[PDB]
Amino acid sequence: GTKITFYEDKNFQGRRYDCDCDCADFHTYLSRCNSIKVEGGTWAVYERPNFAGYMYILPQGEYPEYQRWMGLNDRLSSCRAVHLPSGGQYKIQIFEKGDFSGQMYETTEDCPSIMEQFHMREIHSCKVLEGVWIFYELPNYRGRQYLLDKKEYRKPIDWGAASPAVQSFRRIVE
């Protein structure tokens, strides 16, 4: 079973909140989060209610400090389980310009440096055809994370980003 437990204090202490399903807002049960136990499944956790603000992907495991999930602050108030479609197939299309224009690349593999492999500094639109992916602001899967589990992303705001700054991406196999 997929469930996740948020703790207000590090090393799994203090006020806690259990969750086995998508939760669009748990700020009335939890005001900070400094440690997490993901008992089952892979989860996207979000700084703000309704899956907004900074987001982080957490596979199963125990996280005693929020930096362990690349947290940027000790605030989380929404979360949702990442459900991988069966078969384990992954395919994405990235575009240099918005609304699916500019040069397009289609790949089924991870990319630790978009500037190196495709000679782009930004991604302005994208189409997720199979599987679930993550965009990262920096190379080698670092910086801000963005979950891509939908199909059409016409602008960077469609994946939660305020800029087209994307520089690596990978599949959620975890």
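The first residue of the sequence shown is number 1, and the count goes up from there.
Taking the PDB entry as given, 103 to 111 carries the higher mean Cα B factor of the two stretches 44 to 52 and 103 to 111.
Of the two segments, 127 to 135 and 112 to 120, the one listed with the higher mean B-factor is 112 to 120 (C-alpha atoms only).
Per the deposited record, the Cα B-factor of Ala81 falls in the lowest third when ranked against the other modelled residues of its chain.
In the PDB entry, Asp22 places in the lowest third of its chain by CA B-factor.
In the PDB entry, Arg75 places in the lowest third of its chain by CA B-factor.
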